[PDB]
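Novice: Just to be clear, this is only the beginning of the complex, oriented as in the whole thing:
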Amino acid sequence: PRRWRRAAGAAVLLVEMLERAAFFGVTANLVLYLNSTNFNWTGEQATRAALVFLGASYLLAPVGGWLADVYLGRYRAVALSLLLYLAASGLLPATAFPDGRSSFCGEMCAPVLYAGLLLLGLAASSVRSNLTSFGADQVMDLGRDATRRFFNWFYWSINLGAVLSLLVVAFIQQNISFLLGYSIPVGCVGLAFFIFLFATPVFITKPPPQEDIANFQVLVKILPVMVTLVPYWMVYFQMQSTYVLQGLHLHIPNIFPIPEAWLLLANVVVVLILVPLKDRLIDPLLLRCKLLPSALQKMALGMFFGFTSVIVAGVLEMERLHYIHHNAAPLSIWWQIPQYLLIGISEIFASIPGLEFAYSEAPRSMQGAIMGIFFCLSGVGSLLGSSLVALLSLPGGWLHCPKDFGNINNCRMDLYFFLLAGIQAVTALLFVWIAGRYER
């Protein structure tokens, strides 16, 4: 933050959102290609594959980020991850041209796509973690209140980038043609890399035994704070889809003139408005009234609202079944935006304070590695959370409610939200118990 800290932060947000946009675009491209040509298993997939692939990218994040920050530095890390992304986008014309496929699966299509997906996940995770670390370092050199403000703005920028990604890739790759849908990601990546190269003067670079063993004692005390985050991430990830499932069972209203995937963006637009309100209102009042949320009570209050979000979800659940007992209806569909706003309060109070929390036990030897493993907690809660959904879907019944739009089945939506509240309360009870041993 020499003189253009505003321009540096803005460029960071732009390059991050464009990276996320290109990521979603190329993932949808490769998934569609795999489903189309032969790919003998065909993936057996049309949608929801993107979420599990982002979870797999989060799973691959820790080792890639660790390698990047231990054997490549911090600037060359993003540089080479973006270069591997250029390699993936230069493999993309093989997806475009039929000669590419004829040369891929004309000899020893499947393995080259496996390698491309692996490299793409590694590069995306590395560039995400390293841009987060860049912004964090810049704002820690700037100020602590500025650090919190920039973390909130960075999460808001991630959300806006995901929204614009969804909309623009859907529009381009479904409306006009395919070659434009192939040149949009490569062009956005090129212009984001140009912006990043134009921002290298205002960016501050940093250089890459018994001191390494001392880091293990720091790991054995912060990991219990992070291994207990997996149950919290396991609970929230199905709520990102069950809230869509709960909203799908309601009568949608017609006011002011893909629907099943728009509710996925509905959880994101809630974060798009909660952060600007929390940044300008909650931040000043939290300093004057002296609530003392020293980056840990904020995370505990978020999951408290997260458990309360399940309370409003469970209360709304029984309110839907009691109307059926009266003898289908919207079932207070407008009463779902508060719990959608409440889960956004839980998300803004667990991600942004959690991101700032990870930089408290940072010590600057593996600062990028602790960020990759932090995103891994979400991916583990995503894959195992989706596996818990998939396990309760085919032979389970507890997640088989989507069939027959939840009319006659062993749905047990009341038992799931009630058991999820118990798991969330246990996760909240275990966290405060571990947080009590954290300060010790």
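Specialist: Arrived safely. Numbering: from 1, shown residues only, chains lettered A, B, ... in the order given.
Novice: Remind me what the helix or strand encompassing residue A:324 packs against, helices and strands.
Specialist: Counting by DSSP states H and E, the element that carries residue A:324 is helix A:297-326. Using 3 or more Cβ pairs under 8 Å, 6 or more residues apart in numbering; DSSP states H and E as the contact criterion, the neighbours of helix A:297-326 among helices and strands are helix A:229-248, helix A:337-348, helix A:352-358, helix A:413-438. (Each C-beta comes from the backbone N, C-alpha and C, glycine too.)
Novice: Tell me which of those lies nearest to residue A:199.
Specialist: The stretch from the helices and strands packed on helix A:297-326 with the least distance to residue A:199 (Cβ to Cβ) is helix A:352-358; that distance is 21.4 Å.
Novice: Past the closest one, which element shows up next along the chain?
Specialist: Next along the chain after helix A:352-358, taking DSSP H and E as the criterion, comes helix A:367-391.
Novice: what about that next one, distance to the chain center?
Specialist: 9 Å (Cα atoms, centre = their mean, to the nearest Å).
Novice: what do you get for stretch A:315-334?
Specialist: With Cα atoms, centre = their mean as the basis, the mean position of stretch A:315-334 lies at 31 Å from the chain mean.
Novice: Straight-line length of it, end to end?
Specialist: Chord length of stretch A:315-334, first to last residue, is 14 Å (Cα to Cα, to the nearest Å).
Novice: Identify each buried residue in that stretch, please.
Specialist: Residues of stretch A:315-334 classed as buried under the neighbour-count rule (16 or more other Cβ atoms under 10 Å) are A:316-317, A:320, A:331, A:333.
Novice: and what of stretch A:273-289?
Specialist: If you call a residue buried by 16+ other Cβ under 10 Å, then stretch A:273-289 has these buried ones: A:274-275, A:278-279, A:282.
Novice: Let me have the helices and strands packed on helix A:297-326 in JSON lines, extended by mean neighbour count.
Specialist: Written out in JSON lines, the entries for these read as follows (neighbours: other Cβ atoms under 10 Å):
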{"stretch": "helix A:229-248", "mean neighbour count": "21"}
{"stretch": "helix A:337-348", "mean neighbour count": "20"}
{"stretch": "helix A:352-358", "mean neighbour count": "22"}
{"stretch": "helix A:413-438", "mean neighbour count": "16"}
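Novice: So which of those helices is nearest residue A:217?
Specialist: Of all those, it is helix A:413-438 that lies closest to residue A:217, at 13.5 Å by Cβ to Cβ.
Novice: From the contact counts, what lies against the closest one?
Specialist: For helix A:413-438, the packing partners by 3+ Cβ pairs under 8 Å, 6+ apart come out as helix A:210-227, helix A:229-248, helix A:297-326.
Novice: Chain B next, sequence below:
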Amino acid sequence: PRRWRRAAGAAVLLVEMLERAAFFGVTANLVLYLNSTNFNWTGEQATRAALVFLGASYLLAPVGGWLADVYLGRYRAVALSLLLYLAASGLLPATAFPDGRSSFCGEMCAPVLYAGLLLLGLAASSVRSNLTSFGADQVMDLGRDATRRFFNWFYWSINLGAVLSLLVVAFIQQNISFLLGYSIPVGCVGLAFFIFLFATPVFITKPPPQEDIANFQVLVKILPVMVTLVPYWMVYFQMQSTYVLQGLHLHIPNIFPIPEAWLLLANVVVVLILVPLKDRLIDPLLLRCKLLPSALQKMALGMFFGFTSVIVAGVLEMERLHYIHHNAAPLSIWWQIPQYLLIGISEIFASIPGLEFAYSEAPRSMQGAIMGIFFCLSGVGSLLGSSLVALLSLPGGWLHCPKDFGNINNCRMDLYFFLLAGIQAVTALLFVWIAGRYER
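Specialist: Okay, here's chain B dropped in alongside the others:
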């Protein structure tokens, strides 16, 4: 514990159980008399008055115990409380003889009964707290493991005394006559006082500024641990009646050949068997496996089982409504004994560790006062808990389920158990948060 610590402990248990028996007997006697003669309001009461009167006794416990331990000592405290009990039992012939009533409410029946009830509550609370303090002092002079064993045995003896009280007072005062029902409490009190006077040699007596101000700093740090116990006591006391209400809505089975009040004893007999199993099995394994439950994690684990007891209660709740949706039945009435055993595990892990917890921040100037205010937390959770039940009964509906045996009403039993789980989880979250500041 000079040589007859076994006999001393046994005499303590006997005098405590006989005191509780006489207490229940005389309370039922006075309630029946008030309801019978005129007592213009008539109490508007037939049953459930005993619970609220025990809650009022708990409310009066703190000031009485404080006066007893600050201006009377410890032995003279029990002595004069039992003497006031003799005064109440000598007022009881006025309840018996009609001339007593003609002289009471022939001039300035109501005020003498108010004074008698006040003195009876004060004496009962004082003798209970002082017998608890006597046993605690004896076993702390004996040993710590012996202290925990005797606390468990003392709670078990309280439960057995309540059971024998119920059964014997019901049998005598309903089967044969009334004069025997009047001589049973006075005779039991006399023989218990004789046993106590026979045990004074083995009992060890104890004698009754800036040091008093220093006790306030101890109060401002242990009260938040105890004010947060009121929500836990507020949650459990309706569960002592809602479990009876939930069991009343089921089809009772016929096996091996007052029913609505027997389930109140069903929660007590569960404690009558859980303590002997916990004393001989849980105590040895807790020492060898090194779980380190240093009198606070035990209390936190109890409410964790208490919240889990609501989980099994809530899961059983939706299991009862789902059968009605299938289209009344026992609704797995035998699946209620685990949650009855689970709430007994929560009770044995919150009372006995809580009693031992109160003696950790004891310091021996007001050791009897901290026990009276501890029982006051249950009474406050009892009266306000019953008030919450009464508030949700007439205009509420959430507790109006007993009417029409929960067939057609605004029962909302699913919303109550779900909201009670949230309040219990908040109480559990607030406790661990306060317990974290306790060791600090």
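Novice: please look at what packs on helix A:297-326 again, because chain B has been put in.
Specialist: Applying 3 or more Cβ pairs under 8 Å, 6 or more residues apart in numbering or on different chains; DSSP states H and E, one finds that helix A:297-326 makes contact with helix A:229-248, helix A:337-348, helix A:352-358, helix A:413-438, helix B:297-326, helix B:413-438.
Novice: would you list those helices in TSV and tack on distance to residue A:400?
Specialist: As requested, these are arranged in TSV below (distance: least, Cβ to Cβ, whole Å):
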stretch	distance to residue A:400
helix A:229-248	11
helix A:337-348	23
helix A:352-358	33
helix A:413-438	11
helix B:297-326	15
helix B:413-438	22
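Novice: measure the closest residue to residue A:361 other than its chain neighbours to chain B for me?
Specialist: In this structure, residue A:361 finds its nearest non-sequential neighbour in residue A:222, 4.8 Å apart by Cβ to Cβ, 6 or more residues apart in numbering or on different chains. If you measure residue A:222 against chain B using Cβ to the nearest Cβ, to the nearest Å, the figure is 17 Å.
Novice: Next, count neighbours for the residue nearest to residue A:69 when sequence neighbours are not counted.
Specialist: With Cβ to Cβ, 6+ apart as the criterion, residue A:69 has its nearest non-adjacent residue at 3.5 Å, and that residue is residue A:368. Around residue A:368 there are 28 other residues, counting by other Cβ atoms under 10 Å in any protein chain shown.
Novice: isn't residue A:368 right up against residue A:63?
Specialist: No: using Cβ atoms under 8 Å, residue A:368 and residue A:63 do not qualify as a contacting pair, with a distance of 11.8 Å.
Novice: what does the stretch 201-350 of chain A put close to chain B?
Specialist: Contact residues of the stretch 201-350 of chain A with respect to chain B, defined by Cβ under 8 Å from any Cβ of the partner chain, are listed as A:300, A:304, A:307-308, A:311, A:314-315, A:318, A:321-322, A:324-325.
Novice: which ones are touching the residue most central in space within chain A?
Specialist: Nearest residue to the geometric centre of chain A (Cα atoms, centre = their mean): residue A:378, 7.2 Å. If a contact means Cβ atoms under 8 Å, 6 or more residues apart in numbering or on different chains, then residue A:378 has A:55, A:58, A:233, A:237 as its contacts.
Novice: Hmm, residue A:78 is touching residue A:128, no?
Specialist: No: at 9.6 Å, residue A:78 and residue A:128 do not qualify as touching, with contact defined as Cβ under 8 Å.
Novice: nearest residue to residue A:425 other than its sequence neighbours?
Specialist: Leaving aside its chain neighbours, residue A:425 sits nearest to residue B:425 (4.3 Å; criterion: Cβ to Cβ, 6+ apart).
Novice: Quick check, that neighbour in contact with residue B:307.
Specialist: Yes: contact status for residue B:425 versus residue B:307: in contact at 5.7 Å, counting by Cβ under 8 Å.
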